[PDB]
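Q:
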Amino acid sequence: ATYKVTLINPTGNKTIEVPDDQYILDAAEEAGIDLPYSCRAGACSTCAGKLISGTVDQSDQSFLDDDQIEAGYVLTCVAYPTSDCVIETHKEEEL
Ligand code: FES
């Protein structure tokens, strides 16, 4: 499956089609979108986003606790989309 991911940043928004076995971050860059990143391994906060709608699989992540997750945070470097979704990006400091 290839899923629509809408990325909302401070000043505007962009939809991209992300295959379900590619990380949101990887696809974003592939599309010329510059997101923040650091470790790229699910172990810091630098790349975090916030799901507003849809679902992701970020099973490869280790930084977010069970309540950051439930509240919708996502480490975009390690998340695959599991449906069309919408994510507010540059959410690092909320952690
Ligand atoms: S860049 Fe460190 S968690 Fe994604």
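Those letters in the sequence shown? Residues 1 to 12, 15 to 97, per the authors' numbering, in order. Quick reminder that beta carbons are idealized off the backbone N, C-alpha and C, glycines included.
Would you mind reading off the limits of the beta strand (DSSP E) that contains residue 19?
A: Where residue 19 is concerned, the enclosing beta strand (DSSP E) stretches over 15 to 21.
Q: Determine the DSSP secondary structure at residue 8, reduced to helix, strand or coil.
A: Strand.
Q: Give me the Cβ distance between residue 48 and residue 61, rounded to the nearest whole Å; I'm assuming they're in contact under 8 Å.
A: No, residue 48 and residue 61 are not in contact; Cβ-Cβ is about 19 Å, not under 8 Å.
Q: What first and last residue would you give for the alpha helix (DSSP H) that runs through residue 43?
A: Where residue 43 is concerned, there is no enclosing alpha helix (DSSP H), given that its DSSP letter is neither H nor E.
Q: Evaluate contact between the segment 72 to 86 and the segment 19 to 34, counting only Cβ atoms and requiring at least three cross-stretch pairs below 8 Å.
A: Counting Cβ pairs under 8 Å, three or more are found: they touch.
Q: Tell me where the beta strand (DSSP E) around residue 90 begins and ends.
A: Where residue 90 is concerned, the enclosing beta strand (DSSP E) stretches over 87 to 90.
Q: Rounded C-beta distance between residue 52 and residue 90? I'm assuming under 8 Å.
A: Correct: roughly 5 Å between the Cβ atoms.
Q: Output the boundary residues of the alpha helix (DSSP H) element that contains residue 30.
A: From DSSP, the alpha helix (DSSP H) with residue 30 extends over 26 to 32.
Q: Identify the continuous alpha helix (DSSP H) that holds residue 71 and give its terminal residues.
A: 68 to 72 is the span of the alpha helix (DSSP H), which, as asked, contains residue 71.
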